[PDB]
Amino acid sequence: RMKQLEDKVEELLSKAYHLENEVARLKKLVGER
Amino acid sequence: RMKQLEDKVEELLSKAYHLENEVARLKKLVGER
Amino acid sequence: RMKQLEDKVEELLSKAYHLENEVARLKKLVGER
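Residues numbered from 1 in each chain as written, not as in the entry; some residues may be left out. Chains lettered and ligands numbered in written order. Heavy atoms only, no water. Residues with missing side-chain atoms left out of burial classes, pairs and counts.

As documented in the archive entry, the model was determined using X-ray crystallography at 2.00 Å resolution.

Below, the structure written as structure tokens:
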């Protein structure tokens with residue numbers, strides 16, 4: 001039960017990370033914050 | 001207890017899934033650099 | 001284990017929240033819904 005959850009979380013951790021970078025970038029190809 | 005976390009990880013999975021979709025769509029729509 | 005996981009889940013909750021917000025604004029700024 002433990003591993004699965006942690007497995008799960010590092011994966012989620014990976015996605016959100018990539019996501020922030022993508023948004024950051026989309027934030028420039030428009031009007032810089 | 002873990003059914004909890006396995007629940008709070010379940011909302012995150014769903015959150016990340018929609019967020020990924022939204023970001024892909026915009027990425028497409030925006031377009032430029 | 002648990003303080004770590006539970007703390008990792010908060011990191012995640014934090015970021016999903018930020019991201020959602022950023023994405024939401026990004027969609028008003030470009031007219032997309």
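Novice: I'd love a proper account of the nonpolar core, names of residues and values included.
Specialist: Core analysis: the largest hydrophobic core is formed by 12 residues, namely A:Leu5, A:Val9, A:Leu12, A:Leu13, B:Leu5, B:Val9, B:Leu12, B:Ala16, C:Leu5, C:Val9, C:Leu12 and C:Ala16. Mapped onto this core, the elements with two or more residues apiece are α1 (2–26) of chain A, α1 (2–30) of chain B together with α1 (2–28) of chain C. Among residues more than four places away in sequence, those in contact with B:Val9 are A:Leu5, A:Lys8, A:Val9 and A:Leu12. Among the nonpolar cores identified, the runner-up in size contains 10 residues, and A:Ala16, A:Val23, B:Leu19 and B:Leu26 belong to it. (Core = buried A, V, L, I, M, F, W, Y, C linked by side-chain atoms within 4.5 Å. Buried < 20%, exposed > 50% of the residue type's maximum accessible area, 1.4 Å probe, protein only. Helix = DSSP H or I, 4+ residues; strand = E, 2+ residues; numbered from the N terminus. Contact = heavy atoms within 4.5 Å.)

Novice: Got a sec to walk through the interface of chain A and chain B? Specific residues and values, please.
Specialist: Interface size, as often reported, equals the accessible area lost upon joining of the parts. Listed by partner, the interface residues are 15 residues for chain A and 15 residues for chain B. Class assignment for the residues of the side of chain A that touches chain B results in 9 nonpolar, 1 polar and 5 charged. (Nonpolar A, V, L, I, M, F, W, Y, C, P; charged D, E, K, R; others polar.)

Novice: Provide a residue-level description of the pattern of salt bridges, including the pertinent values.
Specialist: Taken as a whole and judged by the stated rule, the model has 11 salt bridges over all chains. The salt bridge involving A:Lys3 is made with A:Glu6; its shortest N-O contact spans 2.7 Å. Taken together, the residues span about one helical turn, with A:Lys3 and A:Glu6 both in helix α1 at a distance of 3 residues. Between A:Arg25 and A:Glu22 there is a salt bridge; the shortest N-O distance is 4.0 Å. With a gap of 3 residues between them, A:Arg25 and A:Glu22 both fall in helix α1, about one helical turn apart. Three or more residues joined by partner-sharing salt bridges are found here, namely A:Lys3, A:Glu6 and C:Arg1. (Salt bridge = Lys/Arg side-chain N within 4 Å of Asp/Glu carboxyl O.)

Novice: Explain α1(C) to me, using residue names and the numbers behind them.
Specialist: A rise of 1.5 Å per residue sets the reference length of α1(C), with its 27 residues, at 39 Å; its end C-alpha atoms lie 39 Å apart and thus fit the reference within 8%. Within the span of α1(C), buried status applies to C:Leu5, C:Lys8, C:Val9, C:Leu12, C:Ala16, C:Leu19, C:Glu22, C:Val23, C:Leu26 and C:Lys27. (Expected span 1.5 Å × (residues − 1).)

Novice: Please give an account of the interface of chain C and chain B that cites residues and values.
Specialist: Across the boundary between the two partners, chain C contributes 14 residues, which contact 11 residues of chain B. Summing the contributions of chain C and of chain B, the shared interface buries around 1,200 Å²; its carbon and sulfur component is 77%. Inspection of the chain C/chain B interface yields 3 salt bridges. B:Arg25 is the partner of C:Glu32 in a salt bridge, and the nearest nitrogen-oxygen pair spans 3.4 Å. Where chain C packs against chain B, one counts 4 residue pairs in polar contact. Residue composition of the side of chain C that touches chain B, by class: 9 nonpolar, no polar and 5 charged. (Buried area = accessible area lost by both parts, 1.4 Å probe. Polar contact = N/O pair within 3.5 Å; in protein donor to acceptor, adjacent residues only side chain to side chain.)

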